[PDB]
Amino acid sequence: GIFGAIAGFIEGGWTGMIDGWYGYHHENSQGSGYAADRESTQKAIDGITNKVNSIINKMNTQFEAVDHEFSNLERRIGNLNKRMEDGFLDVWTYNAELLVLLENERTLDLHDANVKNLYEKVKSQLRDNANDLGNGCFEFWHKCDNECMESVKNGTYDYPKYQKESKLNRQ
């Protein structure tokens, strides 16, 4: 995809992570588990919901065909009505089908970007205190307990705190 994450450098999704669209899987001495990133997921839910509702609202008018009849000597106005009604039917069918194809492409890209940005946000915090495996996973050069893990996930990871310990194991 466009941002290279979904079905990209992160080859597949997690059926194990059921409570959000994007998130984390950690492993430490206390074991392993899945956790959704609540902020990025909710932000995406709000955006996508807004998109759907906006499309619904813009599509909220109707063209109305009539039951009116035309006589044998009214072929021209009868045909005028038919071509008009068919005309708007073709316009709106086009508008609906084209929009769906376009927005589906962009919606999937949006998800792709959000995963990529989440990955970058973690990379940025950890720096050289961890090793990037290239598949969205990071191996710590230090022991990272549950609160250390949670600090990574909520954006408050303390790089200086683990720097020296990481440097020693790295070297």
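Sequential numbering from 1, following the sequence displayed.
- Legend: mean Cα B-factor per stretch from the PDB entry, 19-27 versus 158-166; the higher mean is in 158-166.
- The stretch with the higher mean CA B factor, choosing between 101-109 and 118-126, is 118-126.
- When the modelled residues of the chain are ordered by C-alpha B-factor, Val66 sits in the highest third.
- Looking at the C-alpha B-factors along this chain, the one for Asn81 belongs to the middle third.
- When the modelled residues of the chain are ordered by C-alpha B-factor, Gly47 sits in the lowest third.
- Among the modelled residues of its chain, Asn60 has a C-alpha B-factor that falls in the highest third, as given in the PDB entry.
- Placement of the Cα temperature factor of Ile10 within the chain: lowest third of the modelled residues, per the deposited record.
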